[PDB]
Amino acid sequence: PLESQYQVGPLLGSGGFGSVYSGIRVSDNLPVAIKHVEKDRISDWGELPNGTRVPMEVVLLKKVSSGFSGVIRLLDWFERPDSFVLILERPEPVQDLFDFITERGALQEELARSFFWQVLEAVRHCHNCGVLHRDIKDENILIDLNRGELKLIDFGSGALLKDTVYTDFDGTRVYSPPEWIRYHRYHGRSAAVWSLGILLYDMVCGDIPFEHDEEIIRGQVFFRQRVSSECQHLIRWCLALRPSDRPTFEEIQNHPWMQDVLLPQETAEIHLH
């Protein structure tokens, strides 16, 4: 029933996540993304409530897709002989943060604050639903350009949240924390805070702080652009080498630099229209 119920359009992208195409739901003209993944190329599986075997990505998406979140929500999925096909939300118009930064260069602090705050709310939501994303970065963040609302994509590299150690990582090396590099061991939250550190630096600097492993192990941050003393502090605190020196999400959200954030609407007025 799938090829009848959604109207396929252009290819939006392809990579390690499969092939995403633009789509329109026939029922009510809703714009959507259709994501095809080959069964052969799924290393991590799981099983939902009703007890059937699906890719872990579907498990995790189902857990975060209730209500309004800053997460692109799963609407439906289909199994095919050799692929799995996912129907997700599609903002119209849209741009990933990587392209946005690549185009507009480093971001005014006011804008980064809105954006980063929103990311934090989304990641909190995920954690609160028992999900760990494990691959927070600019290319997994979409911007609805009209509403100013940021939205997270690309689960599995994700996992269920747990308080024990993780000894596996199939996310992005340059966003991985020193404890992963050295010891092949990390804990979800503190490793998330690291990657948010990198995210925030990316936003205000136009580029990621570390390229090689030795730079990560060293954990030392130079600023090529004018960035406020308070923003530099927050960045360095998130990028603390010892995980227990890193802030909690609460501590991040109460940090002086995170004060008087703009709402999404007004962010777009000022910065995207």
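So that there is no doubt, residue numbering starts at 1 and follows the sequence shown. Here, rigid core means the biggest group of C-alpha atoms that superpose within 1.5 Å across both forms.
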{"property": "Higher-deviation segment by CA RMS in 4 other deposited structures of this protein, core fitted, 3-11 or 263-271", "result": "3-11"}
{"property": "Farther-lying stretch by C-alpha RMS in 4 other deposited structures of this protein (rigid core fit) among 249-257, 18-26", "result": "18-26"}
{"property": "Residue stretch of maximal mean CA temperature factor, 240-248 vs 38-46", "result": "38-46"}
{"property": "Residue stretch of maximal mean CA temperature factor, 204-212 vs 49-57", "result": "49-57"}
{"property": "From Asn146, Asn140, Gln118, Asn128, residue of greatest CA B-factor", "result": "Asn146"}
{"property": "Per the PDB entry, maximal CA B factor within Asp154, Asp170, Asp96, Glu179", "result": "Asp170"}
{"property": "Relative C-alpha B-factor of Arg104, binned into the chain's lowest, middle or highest third", "result": "highest"}
{"property": "Ranked C-alpha temperature factor of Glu110 among modelled chain residues, by third", "result": "middle"}
{"property": "Third assignment of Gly158 from its chain's C-alpha B-factors", "result": "middle"}
{"property": "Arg185 CA temperature factor, ranked by third within the chain", "result": "middle"}
{"property": "Within-chain third of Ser14 by Cα B-factor, per the entry", "result": "middle"}
